[PDB]
Every structure is written in structure tokens, then in C-alpha cells.
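Let me begin by presenting the structure, written as C-alpha cells, before commenting on it.
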Amino acid sequence: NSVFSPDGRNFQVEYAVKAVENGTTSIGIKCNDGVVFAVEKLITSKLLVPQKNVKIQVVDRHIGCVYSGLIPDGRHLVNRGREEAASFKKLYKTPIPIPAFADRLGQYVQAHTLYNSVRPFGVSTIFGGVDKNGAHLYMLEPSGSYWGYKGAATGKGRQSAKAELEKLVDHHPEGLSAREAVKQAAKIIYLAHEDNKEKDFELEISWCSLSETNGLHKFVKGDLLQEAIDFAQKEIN
Amino acid sequence: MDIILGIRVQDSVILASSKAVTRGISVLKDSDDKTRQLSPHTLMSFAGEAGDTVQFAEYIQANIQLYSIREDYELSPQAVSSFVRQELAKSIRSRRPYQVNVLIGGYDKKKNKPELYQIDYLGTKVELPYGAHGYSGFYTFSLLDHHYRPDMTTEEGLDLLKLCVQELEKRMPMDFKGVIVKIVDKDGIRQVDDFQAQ
Amino acid sequence: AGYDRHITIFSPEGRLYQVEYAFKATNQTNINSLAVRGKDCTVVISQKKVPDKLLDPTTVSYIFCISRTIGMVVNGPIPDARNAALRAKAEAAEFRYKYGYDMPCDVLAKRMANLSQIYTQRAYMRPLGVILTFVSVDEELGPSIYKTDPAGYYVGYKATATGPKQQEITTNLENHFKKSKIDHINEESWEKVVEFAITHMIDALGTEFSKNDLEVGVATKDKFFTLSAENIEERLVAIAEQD
Amino acid sequence: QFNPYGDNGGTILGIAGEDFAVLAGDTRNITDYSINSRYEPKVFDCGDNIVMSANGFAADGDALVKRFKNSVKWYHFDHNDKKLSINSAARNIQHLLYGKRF
Amino acid sequence: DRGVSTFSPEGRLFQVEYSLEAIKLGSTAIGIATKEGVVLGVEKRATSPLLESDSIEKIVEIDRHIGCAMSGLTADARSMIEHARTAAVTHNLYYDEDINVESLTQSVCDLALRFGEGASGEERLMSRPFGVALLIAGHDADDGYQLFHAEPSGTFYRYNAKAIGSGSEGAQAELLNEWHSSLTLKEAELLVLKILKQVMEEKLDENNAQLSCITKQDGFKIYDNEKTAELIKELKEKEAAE
Amino acid sequence: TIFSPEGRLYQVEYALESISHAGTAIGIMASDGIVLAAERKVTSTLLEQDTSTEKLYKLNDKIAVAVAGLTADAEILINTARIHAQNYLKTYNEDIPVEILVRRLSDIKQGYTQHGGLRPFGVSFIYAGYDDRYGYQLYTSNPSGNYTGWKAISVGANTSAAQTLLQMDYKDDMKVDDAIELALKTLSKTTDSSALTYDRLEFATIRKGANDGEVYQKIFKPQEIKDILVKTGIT
Amino acid sequence: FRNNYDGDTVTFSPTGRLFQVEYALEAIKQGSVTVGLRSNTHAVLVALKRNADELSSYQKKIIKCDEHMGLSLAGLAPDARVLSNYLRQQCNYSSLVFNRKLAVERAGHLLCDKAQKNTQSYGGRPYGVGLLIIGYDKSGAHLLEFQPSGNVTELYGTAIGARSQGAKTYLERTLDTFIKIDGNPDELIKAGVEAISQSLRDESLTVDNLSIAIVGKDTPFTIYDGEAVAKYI
Amino acid sequence: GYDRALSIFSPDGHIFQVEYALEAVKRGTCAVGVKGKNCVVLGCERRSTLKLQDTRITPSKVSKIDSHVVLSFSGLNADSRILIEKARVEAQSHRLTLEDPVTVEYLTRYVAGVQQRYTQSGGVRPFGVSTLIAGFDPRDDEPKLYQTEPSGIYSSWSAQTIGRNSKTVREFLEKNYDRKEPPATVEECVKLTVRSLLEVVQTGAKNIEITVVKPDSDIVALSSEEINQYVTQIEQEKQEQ
Amino acid sequence: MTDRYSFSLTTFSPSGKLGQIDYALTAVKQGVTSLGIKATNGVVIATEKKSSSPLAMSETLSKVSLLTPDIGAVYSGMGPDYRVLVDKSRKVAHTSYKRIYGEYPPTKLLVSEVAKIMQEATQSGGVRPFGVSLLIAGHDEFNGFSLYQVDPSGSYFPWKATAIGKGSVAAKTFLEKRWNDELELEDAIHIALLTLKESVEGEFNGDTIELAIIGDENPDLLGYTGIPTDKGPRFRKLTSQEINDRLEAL
């Protein structure tokens, strides 16, 4: 891990990426005043209680996090994200700006690639929210690399998902709406399940919009969830 | 306050130490031996604060005995007394100092001289023809200044002490219940176990 | 495996493979940067490549504001770059608190260099796969460029270049100074110094640039700042009407 | 200076019969010359057929009752659900108190 | 060879498995639980005639109501016994009563877990598992007479009868046939003596096998040689007449 | 710090191995003193010999050591030996007995043998000392933490050759001067140089100090070696 | 490939797998079988205990964690003791500090976070035990499955250990029956006991073979052994 | 903190480091102890890699722990000093807190415990030492002899031997030592001890040494000549056909 | 976080070598040549300033460093290692000596401390030895002028003249031929300037050559007047201009 291979790469990080690619697919879509997140949950068995194995996670009140790879590793990272938000608020009073929150995860993830006694994280994390100056979306790789994104995807269906996202970006230079992105996320998740379709799946969406949630992170349930499950089922039959 | 006297004659050192142990309004023991043998030719007498006293003496004893067995050899009185001193001097600045005064009497076999060291709880050390700790020195020092001779026999040293004790039984407010007397010479340490009704 | 390949112990030839490999890492982003000095400024140019259409381009940067007066450009992967940037920020603020004046450019270079030296020497830490070019207009020394690498080495420069095509840019610059015979760009405005820097970047790489292909940082007396796309565009327009 | 103690006043009474026992307390809680409450119980069922009252400074009383109820709980966990006999409780309570000797 | 606490592909801990093998090399120990008491017996196995046999201490008191026999690397058992004695005495200090046998055993087994090279338990102060197994026998009010086998895994097991050490495979089958819920103490004593006779690699006498039991009424007693010899002069006769 | 199937200590054996290549040092004990003599390993004309010391070290006033092995590992141990002698003096108001200082250094050495996974020190010592319990004493310690006392002994290069010759010419009733003589003879024959010159040597004696009833330590000057080399017919 | 990549947990294989974690999971497959299921008013654990000898005890496999929560184990039993102990303390802490019974879900997240640390620390091993966690709390009856990888999932029913697959099959098909066994402890236990049978080549499960625990609306977590379970065979 | 485990289990249930420690003991020069009716004697051999030594100052092989108990060892000499130090300290500490000197058994248990502890601690190797410990309990006449080894096992021996070629000398002692009729006096106990050493040493010159412990802290070493007087009296006396 | 290599990375091989130290010495062999010469009224240390591209500024690199006002160091081997050793050395001259005795250490003792820092890298867990060799030139009232070499093992030794790195074998010889014990300082400079001409490839001027002397006290380099009981530092770096002047009369 604290080991460069002769090409200048880090083979432990590289293998961690393999664990990610092997995971369930998850996405994020930035819209004009917010961010939307969605994930694929494999129904392993009829016995899973529906709606009861939540995967998207809130940080503070204004930040969503979703991830593909080793699920425990994702949870560990969110826990640290939460201590990192608290310690920022406690000291500076204002809730943590998303860019700032991104570097905090960045640096922590990156530290786990510095030492041969630690392994890297086996997740790519898609997260974001609304702060004092707009909506922000990020994706963070096992190396600690992260950037801002218009749209983002990771896991088994990332290629197909990315391709869908690329389409939206090109066809909506003016920006997409929160309500729209919610449905589009449902579509995209249905359209990355193609690359993982031997098991049945359950769809989970969350969002954080200035006009739609006051800039707080919320799960999409009830009517609005069904509506997007409809919109997605429609445009695949 | 316990009487701790030391007189160094020509071929020996004599230590005399009071037998009383008093707490508050009661004399609890009238036969206490305020002394530990440190090696066959080094004896230590001690007075001071109630618990500290024996704990320090037994601790010094263990350490000298250890050294003895490790080198199969007996440390000189001078070496024993420097050890004791440094122990006290370190203690004086710790969180709870040892409140203990000591006399060290030994026969140095390599030199063939008897030696008497007086050390207080501060780690103040001095080599003397005679010594005392506490109040009793306020009487005996001047007495010995007068009657003491450097070349006395052990028998004369015992008579010098008889006087010292007598004076203390006359003028000290408290009943110290007589003394235990011990001689340290070329042979070793013996108790003159018959001094009170002598 | 041979342990001298995995940790920073010596090989029989007196070598440190991990450090060598760390140098290799610095080129992974396939970006060239160059720095030059004006009369009273210092410029840094670096290529900017945003492949993915999904990326928000405004977040993609290898230039860092270290303090009011010091900029840094990194050749190497972003996570290592960010780690180096966080630390230099912290070091520069600490220096100011403890010593009561702004940390000079070279002293920060030396401090980062020494930190790198430690990873060169201690087994449990890998070196960072980065080269850091620090720039400022120093209150004592003047326009300043100081560059550090994973070996723990650092030195001052008249100008410099880093990246895949480093050699071409370097020799190009050496050739300019051989002819001009001065050790700076003799120009009063920083705009002209930027224009010089881009021009020679173009000539040595054999490539034309649009406004989104570059990143520019300028250090002046008591400020380091980065340029926006439109400031860069206006720089690109002026070079067009000349060259 | 900060005084860590108070007196919440409060009186308790225990009597043992042949095959029963009572523990009684008043239900009044006080500070100086004021009544805090007219009904604030201070005699507690602790499980295992033990009643307990810790009277004086009510904050200390509550802490001790809590710590002892928890003792009983962990005694069940650590000893296969064995009933904590009154003598064994008493001894345990001695240790709780003495741990705070200073 | 990589780490101390590593899993095999079958999901067993290498070091725990190898310690179990060290135990198989150990002397035999047999315990039998009845309703008049529990009996523990051991094979001394002097490595030479010049060994003063009764300096071989493989049955030890833990408390008046709890005794213990070991097998394997017996030097490793000292800190387990020390810890068991402290636990039992401490329990009596805190609770004015006798520790339960199961609780005492569970404590010894907790001790056994504490291996690992500064392992992310918290804090593992011990570099290898123990190389010794223990039969723990005793009585308590709730659950009567009891026998436990405690392995260096930290697992423990209650048994009506059990045998550990080199002769255990052979002894276990013999116990399987011989054990029933009506065994008197005296019968149980004969059976231990018998099964030890079968598996001892000498001729069982009172100097190279040792017996002991615990009764509710008299605590844990190691039997002295003369009392054992008599039972040995007696098994021989029950097993001549048949 | 691990055992081999045979019951040897890898790192220790290899450390002794390392010492076998170091300049030779010899200690010879007489009736009225002790000689220490050591050879500097393949030198040069430019190497300073005036302000030079590398094999002979003063520990206190009554005790010196001769070093065979890694110089810098030796400095470490000399420093702690010096300190240990002083703690003893401060505690007791008596100079440390030679055995005691030796046992302590040997104990430190032994430590690196048993725990902490650090490499042993690549050093062997010859100790020359005087105290008033045992008089003149000669000791040896090596990286295993073993110490032994000697009438005469050698460490470093060519100890086999050296030991044969000392055994041949040493006798109990020797004066210090004959021992000085014997020391140089033995070095003359074991050297890997042409001949033995003054600049290749370090020399010290511990004598009863001419007239006084007191113990003196002499660390020979360059010139003094050059002189003592003439007398014994080596020019 | 499977070569220098299972030395410790601090190491990924080139496939992206953690082998020590996979091998820990394996000790579960080797463990005696245990079943969990729940309706809307109760949750049940059935654990077939496994003896070492005809002379031995079937080792206890159900541990109580609070008045409203408990679990069953399969795999390394000492590992079940460490984790149930941690759960005891966490349930405790919730009670002392907040006067709040700990939500089953939180218990799940907590166990998961504890297992995770051991999949990333040098010199530590993953836990080698699976746990079925039942509880009754403010949102009703709950069952959870814990994997030493640190994956916890919430389920109507499941089974872990040796030949668990049979019981798990049975439960997938019996879903709509058992879920409706409300206000009837006994029909839920029976549906559990019978569900554990689809996993016995072994045998007629006996009086000392069987361990049952229940928690529910007015039912503190209680474990039944021996005499008390006879009426279920 | 270096706590990297050195003493581990092998697939066949052995701890090799403890095993290899025993080798070093057999590599170590021989030592023997035999207990009589009212005495215990200890004998050691010296080696011959060198013969220009000073013996006044070189450490003998029988060490006093307290005034009534001694310890001899076979194996690494450096390793043994550490045990002797720790044993001496414990002996003083026991006096300080129990107001009684150690029983021989207690001092043995202590030393054995220290050795066991070193078989299960990160980053330490076991002691390359096995010991014999001899003496008398305070106010007791019944003689005492114990052995410990690198594993931490200990026991008492009517007589016993350790180190190189102890196999041979244990052979002898097994033939000769009669349980019924301990050697009844000092002299004849020293006899049986010298005999058994003669098999392995060659000449009883500057290699065979002896120490006698009697009740109440009476412990005296022997001189070269007093040794030689047993050597002379046995070689001539025991050669007749 | 935390260190996991608590063992020595320098151990003994069966032949009794210490590998990492030898490999450190090999690294020193590759290093640019450096040298020192001891005159009767001075010492000179000097080396080549091997630039990497003429875009680099050579003066901004310190190959010859002041350790105390009377003690200098130069090195051969790994530059970054030298730089940290100089920082630790300056500090230890203070923490171990000046804060105790209120005067700077004598040369041998400062050398002794550097040597100690280097030795510790040879034995401590988780570290490799320093890949440098140093030459330390100083003066102190009681010993006068001295010159020392310190090697990766922590070994040090005094020399009248010597050289280290690349062209060391040849330069040691060139010096042996030229060194007498009666050299003035100006002579030892000239000799050093000759010896260095063999080493170098490119331009040989005052801008590719770093040279320092330990000579007389420089009052004008003190910074203050009025305590006549110091005339100043004895260490002086020769200027680019001062080297060229000696090069024309070369």
C-alpha cells in the first residue's frame, strides 16, 4: 500500500478499484438548485424487508452520501464525515461547505494509501448538497481523488449509467430541475440494472434542493417515489 | 520527641536507642528496638515519623543485603552512608518525603576504624565522634564535649553513655523507658542486653 | 519480491526504487507546467485537460493558493497534490503565528523538501508522487521560483518546467535566456509575462490552446492569484495579433 | 467556591418481620427552606426482591440506585441469571460506596 | 507462515489448531461427574525414575469448591490457575458467596482470548495461545456438580465425563460405554483408575497416577498415595473376580 | 535475536564474524600493571595521528578499554559506561569496581540479544582496570554479553595467531615493561602490513605510578610509541 | 493469485477480494444451524445446539442482550461473546444516558461498524461468527442477519450455519403464513422449529438439542431450554 | 513497541524457539546436583577453547541467590545472569514482605515463571538456560533440589544433571543413586558427584568444581586440591579386575 | 498512522557485513567529489556545484554549510540527507553544548554528535542509514584547526587532507603528493583548486565551485562592535569573484 509499483501506480489502490467496479451501481445528478442521489439494492431473497435496508446516508443536515463497493467501508467513511462536519460547525458555527467537506473526505481517504499497515477503502462515494453558494456534486475514488461533477456513476453499471448522464448533460445546457432529475435518476438506475439483472432490485432515491427541501437532505418516498418508478418503467417497456 | 545516640570510641561504635513507643496519651511498647542490621559490620538507628521510620529502615536493609549477595562482599560504612544520604536527599523533594533521622555505625574492616555517621531526613550528612537526633542532643553534645576522649576503650564508651542516659532521665519531659545499647566492632554487632537495671 | 523494491531501503547500487517510482508517478496526469519571472511578478502556466464531459471543469485544478503571497503548482496525481497543499497551507500559517512575518517562498520549499526527505528515509511512509513548484514575489529576494521533488531535493530557478515534455520546454527557455542575456522577462506588466509564458509553451509543445486548455497563476507583491477563463482568453487574443 | 453537595432532606425507615420487610420513605424533596416536590419517590424496587433507598443528597442517591440496578442487571448477565441474595447485594453496595471513599 | 491470528481457507485459526496438537502430546487427564461428587485423575509421567513424583502437580485447587486438572504444556497453566484463583477469591470479596463453576470457567476462557501481536482487540498482552487444556470440576448450589473442558480457543464445554491428553481417543470411547447417571463416587473413582490403567504408556501405581475429587460436603481433596494404592489393590480384585 | 535449529544466535555469530576483520587489540596483565595495545586498520599518510583516537578509550581514572569492531557502536557503549561509573561514584563516594562496570556493559549487550529486534553492537572490548578489591584486572566482552577475565588476551583480527604467541611467552611474574615488549612482539607477527610503524599503533598502560602508592593511566603519545619501538629493536 | 494475497486483512487480492474475510465467513458455514423469523407481534430464534460428545453439552447458542433484544450465533463462539458483550454495553448506554431502549437497527449499524474495523487493521483478524439478532422496540418486531464482513441486513426470516439453505428455502415459501402469526407465540415458534428441520440430515431433534428464544409486544426476551421446549418436538 | 511474536506453534504442536533453547542447553557445559541425607552438592565442568585465563575474577558457575539457596545452570552465560539478578531481587523482596526467607520451592517457582513468561511475549526470545536450584528451607533440615528449563517447567530431583553429555551422567546416576540409601554424609555425596562428572570431563583439574550446601546457610566451595583428593582416590581405587 | 517497522533495517549478513551501510557507501561513491585540506593557519573545504540545467540557480544551493561560527561542513552523496543532517547538527551544537557551557562545541565534539545521529540511523527500527559522507572543518582554542570525515556508519576520523565521492581515489593521491605540514592557507586553497580541476567536466569557474575556509577571525562579519573579546567567525565562504581571481594565477 505505501508501495508504488514500477509504473508509478499503487497496486493496492488499483485492486480496491476492482472491489468498487464489482459493487452495486449508484449515481448522483446535479440539478439547477440541488443534487439527487439514487442507488440499486439487490433483492437477494424474498425475505429482505422492503424499504428497510437503507443505503443512502445523511451527513449533518444538508449532505447526502451514497457509495458502491464494500458497504462497511462506506459506512466507516460516513462516520468520519460526520465527525468532520461536527468539528467544523463547533468551531466555525456555519454548516460545512461541500467543497470543504469534500477535501476532508479526500484527505482521510488519501491517508489510507500512505502506509503499508493500512489498506485503502473499497468504495467510490458519491455525495453532495446545497451550501451558501449553490449545489455541489462530488465523486471520490479509493485513491482519495475527487472532483466536482455534473453527473456521476460508479459500480457494475457505471459505463451505461455514465452514457445516459452524458446524454442529459448535452441535451440540457440550461440545467435540469430537481423534480426532473429525480425521475431521470430512476430511469438511469433501471437502464444500469441491465448489467446486473440476474437478481431483482429495489430503487432508493434521495435529494437536496433549495426550493424543494429548503436545502436539507431528504429521502424521496410515497407518491413522488412511485411516480419515478412509473416514469422509469414506462421508458423501458 | 525518641532518643537516638551514637558514640564512637577507639575500636568500636556504640548506639543507644530508646525503648518507648508512644501514641497520644499511651505508651504502647516499652521494648522497641529502633535499629536494623544493614550488614555484619554496619548498624542503623532511626527516629522520626510513625510509619516512615521502619519502612525506610527495612527498605535500606533489603538494598544493602541485595548488594551483599550480588557482589559477595560487604560495603564500607562510608559507602553505605552515602547510599542512605542520597536516598534521603531524593526523598526530600518528592511528593511525600520520608521523615526519618538516622545514625549509621559501622566497623570498616579494610581500614580497621570504627565510624559514625549522622544523617537527617533532609539528607544532611556528617561524620562525628558522637551524635544524636532530636531533643536529646541539646543535653548530650555538651556533656560529651566535656567527658569524651578520642582513645577510649569500649568499656569507657559504655560509661560515657551511662552518663548521657542518666542526664536524659533527669531533664527530659518524657519517659523514654530506657535504652537498648549495641556495639559494632571488628567482630560485628552485639547487644549489651542488660543496661537498664545495670 | 525484493524488499529494496517495496520500501525505501538502499539497493546494492545505492538506490531507492520507491523514490524513482515516485518520480514516475509525477507524470501520470500528462500535464506540463512552466514558471517564469518578470521584473516584479512570477507566472506559472499549466495545461488543463478535462476529458470527461461529466466533470465540472471549474473544480479541476493543479494550482494552489498557499498563502496571500505564495502559489504552488503540482505535477502529480491530485490526492498526493492535495495532501501536499494542505500541509503547506498549515505550515505557512504556523510560521506566521510563531515568527511574526510571512513565510518566504524558499523557506516553505525547504520545509516541504525536508518533509519529503523523511519519507525517503523512513520505511512506513511512501514518498508522495509529486513535484511542487512554489512561486511568489518575495519581500527580500524578489520574484522567486523554488521547486521540490520526491527525493527531498529543491532548488531556486530563473525559470523551470515540469511534466512529460519537460526537456523541450526547458531547452526552449534556456535558448531564450542565452539570447536575451538576462535572467527574467524584461516586462513591466504581468499580462505580458503571461503572454510570454503561453507563447513559449505553444512553441515547445507544438500545440495551440483555447481558453479551457490552460491554467494561469500570477504572483505579485503582497498577492498570488489565479486567472479566470476570460482573463486567459484576453491573453490568447493578444498573442494572436502578433505571432 | 463550588460546593459539589446539597441536602434534599427526606427520611427513610426499614423494618424486618419474620417473612417480610418494609422500606418506607417520605415523598418530599427540599432545598434549604423550599419544597422542590411533594411526591418524588426515593424508595425503589431493584429487581430480585430487593428494595433500596439512598437518602441525603438526592443526586448522589440517584446515581447509587442507578449503579446498583445496573449491578443487578450485569450480575444476571455474568452469572447465568442467578438471583442476587440480599447479603450479596449488601456486600456489592459496600464496594460501590467505598470506591468513592475519597 | 504469515501471522499469529490468521484464518485457514477452512476458517480455523492456525495457532489455535496447533496448540490443540501440543495438548495431544500431553499426559492424560480424566474427569467424571456424578451426584455424589466429581472425580479428577491424572497420569504423572515422570521423565525418569529420579523425578520425585509428588513434585508433579497436575491437579490444583482453585477454591474450596473448585479444582482443576491440566494437560499439555503445563507451565502455561500457572497464569491460568493464578487468574482463576484471583477471580474466585475476588468474587467472594465483592459478593459474599462462592463463584459459580461456569462463571469461573468463562473467566479462564476470557483470559485465553488475550493473544495477538498488539492485535486490534483494543489489548492483547500475549503472543501465542496457551498450550494446555483444563478440566475444571466443582459444585455450586444452583447447578450441582459440574465438569468443564476449557481449550486455548476460549471455548469451554460441559461434560458428564471427559478425557484429555495423549490417551484421550481411547479413554473417551471407554467413558462413553462406562458412564451412566447413577454412578456412585466410589464407582467413578475405580473407573478413572481403570481407564488410566488402559492408556498409560506404564503400569499404573500410586506414584505415577494421582486422584482427587470434590464433594459439596468436604470441598476439593487431592487423594494421598496410601488412599490411592488401596483403590488400585481393589480395582485389581474387582477385575480378577471378573 | 532468534535461535537457529542448533541453538545459536544468528545476529551474534555474524557480529563476532564482523569483529574478526577489525584491527587487533591485545591486553596483557603484569604484576605491577597492565598493557593495552591496538593496531589501526589499513591507514594512510594523510590520516591525522596527533589528535587521533579510535581504539583506546578512558572510562574513568582507573579503567580503560580497547575496542575491536564498529567504532560508532563503541562510542555509544563507552558513553553509557562513563555515565554508569559516575552514577556509582555519586551514589557511593567510591570509584566503581572493575567487575561491576564490566558486568553492566555486558548486560546491555545481552539485552540486544534477547529483545526488541534491534541489531547487536558490532563490538568487543578489552578492559584494563585497577580497584582495591582485586588489584589489576583484565576483561573481555563481546556482542553476546559474555565476559571473562584474562592474564593476557587479544580481540579482532588474527586472534588465533596472537593467542598462540602470548601463551608461548607470557609468565606470571612479569613486570609491565616485559609486557609492553611482549605486546609489540605479538603485534609484529600477527600485522597485515610490511612492518609495525608508530602511526599504526595505539598504546596505554595502567601502572602503580612510579612513587606515590597511587594508580596512573598513561595513553602514549605518537612520539612515545616511536621511542618504545626503538628499545625493543623494531626501530 | 490466491497466493500472497491472504496473508492478512490489510491486503486486497488482484480481483478486489479480501481473503481473510472470506475465510472468516467460512467458519460460519461450518457452524451448527440456527433459524430466525418474525411476525408483526413477535420474533423468534431457534438454535440447534451441537454437542462435542454424547457425554457433552449442547453448547449454548442464544445470548440475551437486553429485555427487548437478543441474538443467536454460528461460528467462533468466543467471537459471539465479544460482540454480544459490546451489544449489552451499547443497549445499556442507551438506557442510562437517554432512558431509551436501543433500536434494533442501531444495534445492527453498531455491530457492522465494529466488524468493519477488524477488516482494515493490521495484526487483527475479522470476526469469525454470524449472528441472528431479534428485538422488539418502538417500531415493532425485527430480525437482522450479521456477517463478519460487517454486512447486516433486515429480514422477515433466515438461517445461518450448516445446511442453512434448506431452512432458508422453506422460509421463502412459507413467508405469507408465518408473517401473519400475530398474537400467537406458539404458532410462530412451531413455524420456526419446523423450519429448522429442513436442514437436518443429522436427525428427530431432541430435548437437549433444542434452544428457543422469543421477544414480543408484552414479552421480555426469554430463552427456553430442555423441559420447556419438549412440547415443540 | 516491537511486539512481533517470535515463539509460535508449529503444525505438529511444538514451539521451535523453546526447542532450540534446549539445544543451547545441551551445547552448554555440564552441571550436576545430587542430594544426600543432610546435604546437597553441585558440580560443574569448565571448557577448553582457551587456557590463558585469570580465574580469581572470572564468574564461577554456582551462584548464591540468598544465604541458604544456590543456583547453577547450563546454557547461555549471558542469559543466566539476568535470571540470577531477578532471583536475588525476589529473594530480598520476599524477606521484606513475608519476614521469612524463600523456601527453595518458591524461589524455583519464581525462576520457572520468569522463563515461561519469556516463551509467550512479543519480541523476546526464550532463555537459553536450564537451571538447578539447591538449598534448605529456613528452620528445615530436609534437603532440596529442583530443575527448571527454558519452557518454564520445574520439578524436584533426588539427583539430576543438565548440559552436554548429561544423557551419559543421568545414565550413571540412575544406576548408582539409591532412593533407600540417600548418600548418608557430605564426603561420600561429593564422591558420587565427582564420579559422575568424570565420564565427560577427562582430567579433575581446572574444570571440575564443587559446592556443598548444608542446613542453616552453610555453603562452602571446594579447592583445587580437595577436588584432586577425590579424583586421585577414585581413579586408582576403582579400576580393579 | 503509526510506525510498523520497529526492527533494524540494517542487520549483519553471514559474512558479517552490514549491507545497508555498504550500499550507503556506494551511494557516496556516485556523489560529486568533495575535499578538505588542513593548512597551518587554516582549513579549506571545497566541492563542485554540479548544476541541473542552467535554468537552476546554483548559489541558492548550499553545498558548504556553516555549522557554528568556527565550524563548516561539506559532503558527498545524497544532498537531501546532508541538508537535514546540517539542520540537526546546528541545533545539537546548541542543545548539547552552548545552552550548557555558553560557548560553541569544539570540532571533535560536534563531529562526535553528528556521528551519533548517523549511527542511530544504522540501528533504530524503520530507518535506512544516511547516504552521505561529510567533511567537517573547524577551529577551537584548545585544539586549533582540525578536519574530520564522517561516514554512514557513524565512524569519524581526522585527516590532514582528503577527498570523498567520484574522483576520490585519484584526488587522495594528488593530495598525498602535495601535502607538507608547513602549508600557508593561500597554498592549501591553490592546492584544493588544482585537485578539483581533475574531478570536473564542464566550466571550471567561481560559479561552479563552492569553497569555504576556516581561518582568522573576521571582525567585519560580526555584525556589532564594542566587545573586543571577539573578533568574529572563523568560517568564511569564498565569493564567486574571489575564486576566479585565484584561477587566473592558477
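Only this structure's heavy atoms are used, side chains among them; waters, hydrogens and symmetry mates stay out. Numbered from 1 within each chain, the chains take letters A, B, ... in sequence-line order.
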Gap between atom CG of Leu70(A) and atom CG of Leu18(G) - 0.5 Å precision
6.0 Å

Contact class of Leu37(G) relative to chain A, heavy atoms under 4.5 angstrom
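The answer is neither part of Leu37(G).
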
Between these two chains, chain G and chain A, I want each donor-acceptor atom pair under 3.5 angstrom written on its own line with its distance.
| from | atom 1 | to | atom 2 | distance (Å) |
| --- | --- | --- | --- | --- |
| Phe12(G) | N | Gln12(A) | OE1 | 3.4 |
| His109(G) | ND1 | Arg75(A) | NH1 | 3.3 |
| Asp113(G) | OD1 | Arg75(A) | NE | 3.0 |
| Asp113(G) | OD1 | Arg75(A) | NH2 | 3.4 |
| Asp113(G) | OD2 | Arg75(A) | NH2 | 3.1 |
| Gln116(G) | NE2 | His76(A) | ND1 | 3.0 |
| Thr119(G) | O | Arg119(A) | NE | 2.7 |
| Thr119(G) | O | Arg119(A) | NH2 | 3.0 |
| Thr119(G) | OG1 | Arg119(A) | NH2 | 3.1 |
| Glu154(G) | N | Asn53(A) | OD1 | 2.7 |
| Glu154(G) | O | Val49(A) | N | 3.1 |
| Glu154(G) | O | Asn53(A) | ND2 | 3.2 |
| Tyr156(G) | N | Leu47(A) | O | 2.8 |
| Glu172(G) | OE2 | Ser45(A) | OG | 3.1 |

Closest heavy-atom contact between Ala16(A) and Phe12(G)?
CB-CE1, 3.7 Å

Pairs of heavy atoms under 4.5 Å with chain A: top-ranked of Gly150(G), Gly123(G), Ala115(G):
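Top count of heavy-atom pairs under 4.5 Å with chain A: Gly150(G).
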
